[PDB]
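Student: Number 88 in the entry's author numbering belongs to position 53 of the sequence shown; there are no gaps in the numbering.
Cβ coordinates follow ideal geometry from the N, Cα and C atoms, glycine included.
Pasting in a structure now, in structure tokens, and then I'll have a few things to ask.
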Amino acid sequence: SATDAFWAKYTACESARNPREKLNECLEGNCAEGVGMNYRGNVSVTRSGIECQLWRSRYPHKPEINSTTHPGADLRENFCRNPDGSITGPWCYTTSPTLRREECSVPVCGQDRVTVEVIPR
């Protein structure tokens, strides 16, 4: 990227961007800013208890999204991402053969809560 590079980040952090606290936190990948483009977390499981598959690991599911199309997105071994712009949030491809994909529960930035509720045992 470069300046496509600055927009990528700028876009993703347009809402948390005024106060430097609010805006760094965002670039600091750790919590989700609206649907979670800003997110360089560390959460390897879906909201239901399932273990995310590797981004390059391409079995049980073959991903259309691949770090080889989403220069963008940090499709770093099996963490939870949001390379598309999903309403539900940073998601991941499950390792359960009948669950292609599911979102992940992640810390929101600022008003701490959870992106989506985690399913009980």
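1) For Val153 and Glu86, what's the separation of their Cα atoms in angstroms?
2) Can you list, in chain order, the residues of its chain with a C-beta nearer than 7 Å to that of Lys44? Leave out the 5 residues immediately preceding and following it.
3) Closest by CA to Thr81, which one among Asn117, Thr104 and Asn101?
4) Between which two residues does the beta strand (DSSP E) carrying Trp126 extend?
5) Report the rounded CA-to-CA distance for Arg135 versus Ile122, giving the unit in angstroms.
6) In terms of residues, what are the limits of the beta strand (DSSP E) holding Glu137?
Tutor: Taking the geometry as given:
1) Locating residue 153 in the sequence shown gives position 118, counting from the first residue. Locating residue 86 in the sequence shown gives position 51, counting from the first residue. Cα atoms of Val153 and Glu86: separation of roughly 13 Å, rounded to the nearest angstrom.
2) Taking the first residue of the sequence shown as 1, we reach residue 44 at position 9. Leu62.
3) Taking the first residue of the sequence shown as 1, we reach residue 81 at position 46. For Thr81, the closest of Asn117, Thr104 and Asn101 by C-alpha to C-alpha distance is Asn117.
4) Start at 1 with the first residue of the sequence shown, and residue 126 comes out as number 91. Its beta strand (DSSP E) spans residues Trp126 to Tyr128.
5) Mapped onto the sequence shown, residue 135 falls at position 100. Mapped onto the sequence shown, residue 122 falls at position 87. Approximately 17 Å, taken between the alpha carbons.
6) Position 102 of the sequence shown, counting from 1, holds the residue named residue 137. Segment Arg136 to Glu138, the beta strand (DSSP E) holding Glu137.
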